């Protein structure tokens, strides 16, 4: 019954995940579909200045649809364990930088500071999928800011780049609420939370696809460190 209860909860939360993303997909479709009809029906008469503005919207809107479609695609490829990886010779220093950069504003909204130090001279080279590893970083960093300690004067998230055992190690450090001793393996299970949009499960899969491993070290209420190791 532990399995039957497990499966009936998974099915529950898959249903909900799908219901949400279906609904999200609908709006940009409406705007695109709408804006193309506006352009179509007024075909002769439009200002170029305004033609430009209308297309910009159809473009921007189709991008939102792509992000949403890719989130739905990822969820599916995780289920079928058919998620794939496109490795490139890339510098990890600039990529980390870029992610730290990407997250900077959100971190300010919760008064958390973002920090980077590499223990090896840049550029640090690695044959990895830049987009997928960038996504791994964003998720970890994002969580650092989300689960930071409400009563901490110096809320931070830190990224430590290094070169261990013929590969690369990446630590994401945090002075937030930490993680209890029961949930340490649990938090990498899709949809799993601590109190009663793909998260750490897809991060785990990406990392393991590269051949690496991911783990956490936490003192409850004091620190959290997420470790990511990847070969060369």
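Numbering follows the first chain given and starts at 1.
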According to the entry, how many residues of the deposited sequence fall between residue 196 and residue 197 and are not modelled? Options: none, 1 to 3, 4 to 9, 10 or more. 4 to 9
If you average the CA temperature factors as listed in the entry, which stretch comes out higher, 158-166 or 130-138? 158-166
Mind pulling up the entry and telling me whether 197-205 or 55-63 has the higher mean Cα temperature factor? 197-205
Entry record, C-alpha B-factors for 143, 84, 76, 108; the maximum is at 108
Residue 182: which third of its chain by C-alpha temperature factor? highest
Going by the recorded CA B-factors, say which third of the chain residue 23 sits in, lowest, middle or highest. lowest
Lowest, middle or highest third: where is residue 210 by Cα B-factor in its chain? middle
Chain thirds of CA B-factor: placement of residue 37: lowest
Among the modelled residues of its chain, does the C-alpha B-factor of residue 9 lie in the lowest, middle or highest third? middle
